[PDB]
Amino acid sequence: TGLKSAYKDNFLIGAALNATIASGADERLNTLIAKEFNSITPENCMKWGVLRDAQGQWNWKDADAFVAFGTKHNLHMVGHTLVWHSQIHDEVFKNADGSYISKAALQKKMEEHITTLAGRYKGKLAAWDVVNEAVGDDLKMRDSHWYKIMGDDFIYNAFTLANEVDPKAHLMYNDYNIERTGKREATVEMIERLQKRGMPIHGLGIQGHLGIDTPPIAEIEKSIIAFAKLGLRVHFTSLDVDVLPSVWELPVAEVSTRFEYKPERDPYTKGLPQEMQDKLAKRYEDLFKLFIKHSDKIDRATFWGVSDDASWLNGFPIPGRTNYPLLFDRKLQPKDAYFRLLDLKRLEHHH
């Protein structure tokens, strides 16, 4: 059978679904998703600035479709995400003149947002990304409007509110690059401190936006172990493997231009060659070997998309590239990596 069956005794296997897919109009994808995945996450439709306009008005069309899709197919559903600094209108935080609103005014908005959104889907969504990406790239607290206005109460209060609204939801903190030394430990320290304040938190989401080479398995392993030691269930939430030339480590002269499209940074428009398919398969295999090793600590592995045509890495960090980050190709056919994942389980040795 599919991935979700192969990995049944280890963890959920999930995918992020965009609004087009979650409409249910695509029979081929409906069939594939039901076969392969037993968890889903909305790619965009539950983000504050997508669900609501700049006047705070709500439009539930896509979010409801997503929840209808998971309900129809009996899929575990992860809400994404209550409190985050991206894809959210500056009007939440600022007067029209640019000045920040008071902490009290912003608290009131958070209360309304969480009570409404988590309330609507209480008991239907099994888990929530309550707060996303609160630690900055510099290892200090991210300098977002949330944080500048509220301090660490923005996190504490978000979890407390979500827990009041749906006491049964598995509440998670989610972030990228927490696979790495530095940001790992900064995140451990932040969560530790909030836990002793009594903040309700059940899970820890490692995004798993990986490169074809970096980070190494050993780093990811340290993170699984460290976050499990906080008494939290570990989830891999946004898995993909970027196979295209990197702009993350370029010379200072290129710091601004590196996000511009250049042909040499987009070398596989005609297809991903077999030798790279091999490397991608081995990279995914390595990763899932690790996950199997620590299956006792891990509740879920969700991929940030189903097939390569829909991946956000086609447009990020450079617009209009042809990337190949996921398990299914642009014709929805399984890639070599998929078969390696299946055989790790098919051929597993037990007594």
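Residue indices: 1-based, along the sequence shown.
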Please establish whether a third or more of the other compared PDB entries omit coordinates for residue 158.
no
Is it true that at least a third of the other compared entries have no coordinates for residue 251?
yes
Residue range whose averaged C-alpha B-factor is higher in the record, 185-193 or 126-134
185-193
Mean CA temperature factor from the deposited coordinates, higher in 338-346 or in 9-17?
338-346
Report the option among 38, 57, 30, 311 whose CA atom has the maximum B-factor in the deposited record.
30
Which is it among 170, 89, 140, 85: the one with the largest CA B-factor in the entry?
140
Third of the chain's Cα B-factor distribution that residue 26 belongs to, per the entry:
highest
Is the Cα B-factor recorded for residue 251 in the lowest, middle or highest third of its chain?
highest
Could you place residue 75 in the lowest, middle or highest third of its chain by Cα temperature factor, using the values in the record?
middle
For residue 52, does the deposited CA B-factor place it in the lowest, middle or highest third of the chain?
lowest
Could you place residue 236 in the lowest, middle or highest third of its chain by Cα temperature factor, using the values in the record?
lowest
